[PDB]
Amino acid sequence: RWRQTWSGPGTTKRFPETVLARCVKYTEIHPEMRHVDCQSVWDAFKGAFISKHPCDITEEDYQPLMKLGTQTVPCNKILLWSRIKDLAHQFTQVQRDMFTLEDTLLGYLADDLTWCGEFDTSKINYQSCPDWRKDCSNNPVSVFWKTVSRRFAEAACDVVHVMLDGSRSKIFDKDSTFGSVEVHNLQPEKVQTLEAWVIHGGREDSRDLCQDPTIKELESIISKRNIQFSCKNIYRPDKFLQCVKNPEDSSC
């Protein structure tokens, strides 16, 4: 038609085939996931949102999928990130012992994808899907990420690291998924310290951004949860990348 139901982009093309293929690839590479039945995972993923009103999705809708995608992640090697997707993933593609959410099976399946269904019908909506702000918060994509992000934060222990973008207006943003979900789901019983890495923009290599007002807000929130807060400036991201990629580099 000339008119779309929703304001957000619609389901990604070939969504069913892509989720299936990503599940196949992941379960072949990661030996602990050998037992996973990819067709079952996809069936669980479909059942969460097909035939459901795309503004009435629940965390319970995703429970069969969460159960099939159960994964033990090394609890002390978690990298959270906020608003600095590319660098965080470049880092874990090189430093293979550390994991972002998108390096887990469920995160990897859904990364950069959009999906929604229609109430009272079995089809996937390839035309449009609800936008979190303009349409509704309880939509398939938003509910998925809230659910898996909580579970990922709950798995963390010891020192948890978070990469933040120092070139942004709000380096720490309380309204981000990091700030609204992950920070409040770290377990004080298990997590000793949250350590922030504030990644500077090009050019500005001097200001101590760990004294930034929003970092101080993060510190206060974390401290009041009985978790220690630590912060480091990455003043020059080029040198940081040089050193991550080649840690024998005697300049590092």
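When you see a residue number, it is the position in the sequence shown, counting from 1. Under this definition, the rigid core comprises the largest set of C-alpha atoms superposing within 1.5 Å between the forms.
Greater C-alpha displacement in 4 other deposited structures of this protein (rigid core superposition, RMS over structures and residues), of 158 to 166 versus 97 to 105: 97 to 105.
When the other structures are laid on the shown form by the core, the C-alphas of 81 to 89 and 106 to 114 differ in how far they drift in 4 other deposited structures of this protein; the larger average drift belongs to 81 to 89. Averaged over Cα atoms, the B-factor as recorded in the entry is higher for 42 to 50 than for the other of 42 to 50 and 221 to 229.
The stretch with the higher mean CA B factor, choosing between 55 to 63 and 184 to 192, is 55 to 63.
Within the selection 90, 169, 147, 114, the deposited Cα B-factor values reach their highest point at 169.
Looking only at 104, 176, 127, 142, the residue with the top Cα B factor in the deposited structure is 127.
Ranked within its chain, residue 134 lands in the highest third, by CA B factor from the PDB record. The PDB entry assigns residue 82 a C-alpha temperature factor belonging to the lowest third of its chain's modelled residues. Among the modelled residues of its chain, residue 95 has a C-alpha B-factor that falls in the middle third, as given in the PDB entry. Residue 198: CA B factor in the lowest third of modelled residues in this chain (values from the PDB entry).
Ranked against the other modelled residues of its chain, the C-alpha B-factor of residue 210 as given in the entry falls in the middle third.
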